[PDB]
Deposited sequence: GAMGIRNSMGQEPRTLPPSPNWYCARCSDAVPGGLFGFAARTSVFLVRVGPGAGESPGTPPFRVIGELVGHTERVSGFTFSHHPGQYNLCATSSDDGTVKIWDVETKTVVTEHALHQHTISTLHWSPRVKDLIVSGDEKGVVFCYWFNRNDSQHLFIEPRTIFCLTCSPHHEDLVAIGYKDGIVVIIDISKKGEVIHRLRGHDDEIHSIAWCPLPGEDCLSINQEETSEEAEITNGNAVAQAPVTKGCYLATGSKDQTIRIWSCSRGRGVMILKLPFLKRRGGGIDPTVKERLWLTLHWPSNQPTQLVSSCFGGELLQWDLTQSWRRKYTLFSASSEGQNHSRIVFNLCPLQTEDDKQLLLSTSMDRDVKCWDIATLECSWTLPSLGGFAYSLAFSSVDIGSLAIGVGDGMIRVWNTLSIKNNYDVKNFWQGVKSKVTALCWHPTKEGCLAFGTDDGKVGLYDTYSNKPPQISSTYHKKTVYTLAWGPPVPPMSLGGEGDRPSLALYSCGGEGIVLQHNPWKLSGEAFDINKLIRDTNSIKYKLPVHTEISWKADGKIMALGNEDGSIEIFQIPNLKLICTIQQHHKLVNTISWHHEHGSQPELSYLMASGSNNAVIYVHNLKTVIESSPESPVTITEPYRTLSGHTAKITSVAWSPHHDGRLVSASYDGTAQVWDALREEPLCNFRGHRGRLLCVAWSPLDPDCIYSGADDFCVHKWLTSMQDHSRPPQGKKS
């Protein structure tokens, strides 16, 4: 079964996620909405949690700011989105297609809401105060304008088809009648800062009640009759739990609300640092609340929570899903207030994937949001067991490499040229090399030390073209540019080539360097004596990989796959040149194998540890291709990404499973057997 590590739920949106009974959850993320099946219908083992990422609403060209399902029986498949691209779209989630849309707003849309009473009414609000009422299924629209203020949220009454509550940036809360040109029926005064959330009481009559949540740290309950406040709940200041959190990153309160139709005398809200509270409205003056996951530790959110969406499953479980700045989507069991499960998300390109050969299945992911992920992919009760590492990172993690033998030892490299060393078994900050790369760290590799270094050294390749040799025990010490050793050993006069890739042979006897001009150079230990130059690519080399040493034939370990900014992949066999061990280098100009098919640059190639000469490649053409390299046969093509692939890694235990990562902020785990397409698009 495939898996998806999706883009992070968007931040600072009053309503950018929702859920329908059954059930289905949708959350805005970047330019799309992701769909997640929850409950019995997810078809999961009694061990693992019952959810699956099943869909994507694709079409917006800019940030999705709002999302809302229809909650009319028989039309749960319909939903609406707003976007910074200026449009409001109506979607059918069954087909994942646009039913109809409008571009009536001329200013940045703030939010929108599907009317609970009128089947085809979608009400949206923008930054200038303009409200549009949209009856999509009769082609109708009405503009309303109340106050010249920035709308933060709005919520149609669940009881009265004409009444809509609007909350503004300055704290104004109004209840308007859209049949009366938007006339203000109630002007609710009391809040001193942004309204983040408006929830109507699910029960009519006291009239009706409604609750507003504000950045001013108050939740206010109002009487819809007497147009005045009848209850003020102030958030409790609580001791920070769980997350050892980066203090510097700025973050103020987001106070969102959930008023359960299940239990009208309870009210759920967010709190400082992403805690969730269940308020007891009967004990108003005592300000009684119960903390979510107050018993368990490390289960609560670590940063502010933006959206809360109730979901009753068909086996009558009362769930509540929470989105958060901490990039976890959490599912809460209302009956127990415990976190049933957590779905991690990515806030940047997935630049890098590396499987530990020490802890099988431990998959490190280098992400553009400055956090290293470690996914225990073989966790039994959890398909998304992921730990985050943020200390000493900050920038985009563009390169990763596990140590060959030492548990928890993970090298990483960043977009600002930094090279660091993590002990993921600890929570101590990483050691950072004192020597920086001028540009992005594109590759990291462990290998035998070479002079003047004084059992394995760390090699790093940066975008400026230098390969550094670091002493993992002396990271604060100096790192050596191996170009000096190359130069001396090979007596070179002219300027050395710009190195763009480094890859050590599995035995650690041979080092291959890819260069910017397309050439690949083959050096042998201990002095990096050049024994061979390969001239095949004529653009920058992005990736090089040596076949493993446990195939049916030992000779296979001399197979070397390579990808560059051209779409064609080559395989070279260095048995002859390496065994002959020449005193002057050989120039190779003919490929041992030639793999054609992709239509864009190659970012990563990897050999299956389960087969002989089986290669997977990742390309900017948006696909990962699995080849029988020996036969030059294109076996299967994965097209699940919507962006350009940046990395790929074979599962260590499952010959059918591969992981890939792209600039769509997604990591996919997919099955070669579920892939019917044989080759890239042509």
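What the model leaves out of the deposited chain are the segments 1-11, 218-246, 495-502, 731-734.
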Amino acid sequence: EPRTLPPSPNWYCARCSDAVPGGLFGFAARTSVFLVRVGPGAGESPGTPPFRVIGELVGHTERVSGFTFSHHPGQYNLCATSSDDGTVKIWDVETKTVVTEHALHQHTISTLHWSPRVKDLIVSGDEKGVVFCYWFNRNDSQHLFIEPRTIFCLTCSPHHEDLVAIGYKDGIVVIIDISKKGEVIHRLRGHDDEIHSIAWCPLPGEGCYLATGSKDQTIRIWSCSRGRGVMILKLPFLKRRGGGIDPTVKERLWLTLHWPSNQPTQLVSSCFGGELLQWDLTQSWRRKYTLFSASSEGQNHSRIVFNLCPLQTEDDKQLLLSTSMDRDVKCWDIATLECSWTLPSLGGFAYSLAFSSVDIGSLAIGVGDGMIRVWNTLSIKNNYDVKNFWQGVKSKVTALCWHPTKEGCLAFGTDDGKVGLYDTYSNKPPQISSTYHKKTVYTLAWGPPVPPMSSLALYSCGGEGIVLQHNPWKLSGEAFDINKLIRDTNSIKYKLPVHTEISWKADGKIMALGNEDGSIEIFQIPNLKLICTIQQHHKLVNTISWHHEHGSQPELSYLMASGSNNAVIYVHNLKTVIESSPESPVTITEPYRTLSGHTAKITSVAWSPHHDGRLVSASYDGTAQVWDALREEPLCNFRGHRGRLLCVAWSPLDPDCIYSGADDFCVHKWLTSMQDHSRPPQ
From here on, numbers count along this sequence of modelled residues.
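Whichever C-alpha set is largest while still superposing within 1.5 Å between the two forms counts as the rigid core.
The stretch that strays farther, by root mean square C-alpha distance over structures and residues in 4 other deposited structures of this protein after a rigid core fit, is 633-641, when 633-641 is set against 63-71.
Compared with the other entries of this protein, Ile245 is frequently left unbuilt, missing from a third or more of those that build its neighbours. Of the other entries compared for this protein that flank it with modelled residues, all give atoms for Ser83, so not even a third lack it. The mean C-alpha temperature factor is higher for 92-100 when 92-100 and 412-420 are set side by side. For the pair 377-385 and 245-253, the mean B factor over Cα atoms is greater in 245-253.
Of the residues listed, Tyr209, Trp341, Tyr168, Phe136, the entry assigns the biggest Cα temperature factor to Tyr209. Annotation for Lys396, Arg286, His403, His470: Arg286 ranks highest, by Cα B-factor.
Compared with the other modelled residues of the chain, the Cα B-factor recorded for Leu630 ranks in the highest third. Among all modelled residues in its chain, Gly23 ranks in the middle third by Cα B-factor. Among the modelled residues of its chain, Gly622 has a C-alpha B-factor that falls in the lowest third, as given in the PDB entry. Per the deposited record, the Cα B-factor of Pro429 falls in the highest third when ranked against the other modelled residues of its chain. The deposited CA B-factor of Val53 belongs to the middle third of values across its chain.
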